[PDB]
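K.L.:
Build the 3D model from these lines:
(chains A and B)
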Amino acid sequence: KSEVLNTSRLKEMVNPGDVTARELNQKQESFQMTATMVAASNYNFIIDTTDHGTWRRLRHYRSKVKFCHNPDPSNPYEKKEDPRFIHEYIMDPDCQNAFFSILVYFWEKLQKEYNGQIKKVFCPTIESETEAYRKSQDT
Amino acid sequence: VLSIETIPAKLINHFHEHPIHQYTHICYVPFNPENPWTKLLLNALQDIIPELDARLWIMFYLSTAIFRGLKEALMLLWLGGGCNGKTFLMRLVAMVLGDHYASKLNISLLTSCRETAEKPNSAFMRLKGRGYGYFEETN
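P.N.:
Residues are numbered from 1 along each chain as shown, chains lettered A, B, ... in the order given. Next comes the structure:
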């Protein structure tokens, strides 16, 4: 369903500063937040913020691909899809080992090119969807 | 123990080393259509669903619950006016599978919007290993 981004703890989670909360009848223990954030959503959110602290650490994209088993003719956007990708191909050790090899090789590429800085790479497609989203969504 | 690895299934009645712990209290016998109870069940199930084409599909759907492995993304629901063949074969299948291989749930799994993170939704972790699930009729 279509959700709303209440921005609750948003600036709290985005910052690398260690922070914790109350466990299930236990003691607090601060931990450094060192996790990558990604979102996969069919519907849209609602953004309510104007401070420069926000709207700066956000990147947006829109998926131009539609995956259906019957591709529409001359439609790269709506092309063929393989359902066997979801139901199976998980248990294969070789597939996951190849995926891990690809990931580690490209991490090495990032380290040797951008000195380990993902902010040193910019895309023409990125920050364009983000610019449209920040210009839109305003009430 | 019965192994459905090959066709036909092999009933192991000697020493083995297969790590098997769960079971059902129903003794296995080969497929005997000449059994009077077999004929009675076949006739009753035919009467419940007269459509032969639908009957074969329903039987094929039911026969897949024995396997405990990964299954395709299929959900099935079938209704009626009232006092139909529903809740007759359902209970029989549930008790044939047994407590180890079957259990009963509630519609609250689906009619709930979003359980709170503090709320201990133990119903989610039901059907662990069990290959057949069902929902009883509501009011």
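K.L.:
How about the residue in chain B that chain A sits nearest to: what's its closest non-neighbour residue?
P.N.:
Taking CB to the nearest CB as the measure, chain B has residue B:72 as its residue closest to chain A, at 5.7 Å. Backbone N, C-alpha and C define where each C-beta goes, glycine included. Here the nearest residue to residue B:72 in space, its sequence neighbours aside, is residue A:87; by CB to CB, 6 or more residues apart in numbering or on different chains that works out to 5.7 Å.
K.L.:
backbone phi and psi for that neighbour, please?
P.N.:
phi -70, psi -40 (degrees, to the nearest 10).
K.L.:
how close does residue A:126 get to residue B:14?
P.N.:
From residue A:126 across to residue B:14, the span is 64 Å (CB to CB, to the nearest Å).
K.L.:
Compare those two (neighbour count), which wins?
P.N.:
Comparing residue A:126 with residue B:14 by neighbour count (other CB atoms under 10 Å in any protein chain shown), the higher total belongs to residue A:126, at 13 against 4.
K.L.:
The closest residue to chain B within chain A: what's it in contact with?
P.N.:
Of all residues in chain A, the one sitting closest to chain B is residue A:87 (5.7 Å; CB to the nearest CB). Listed by CB atoms under 8 Å, 6 or more residues apart in numbering or on different chains, the contact partners of residue A:87 are B:70, B:72, B:73.
K.L.:
Doesn't residue A:111 belong to a helix?
P.N.:
Yes. Under the criterion used here (DSSP: H, G, I helix; E, B strand; the rest coil), residue A:111 sits inside a helix.
K.L.:
okay, now it: neighbour count?
P.N.:
Counted with other CB under 10 Å, the neighbours of residue A:111 add up to 11.
K.L.:
do the same with residue B:101
P.N.:
By other CB under 10 Å, the residues close to residue B:101 number 19.
K.L.:
Residue B:81 too?
P.N.:
Using other CB under 10 Å as the criterion, the residues surrounding residue B:81 number 5.
K.L.:
Around chain B, pick out the residues from chain A.
P.N.:
Among all residues of chain A, those adjacent to chain B (criterion: CB under 8 Å from any CB of the partner chain) are A:86, A:87, A:88.
K.L.:
Skipping adjacent residues, who's closest to the first one in space?
P.N.:
Among residues not flanking residue A:86 along the chain, residue B:73 sits closest, at 7.3 Å (CB to CB, 6+ apart).
K.L.:
Wasn't the one you found part of a strand?
P.N.:
No. Following the definition three-state DSSP, residue B:73 is coil and is not counted among the residues of a strand.
K.L.:
Got phi/psi on the spatially most central residue of chain A?
P.N.:
In chain A, the C-alpha closest to the average C-alpha coordinate belongs to residue A:38, at a distance of 2.3 Å (CA atoms, centre = their mean). For residue A:38, the backbone dihedrals are phi -140, psi 150 (criterion: degrees, to the nearest 10).
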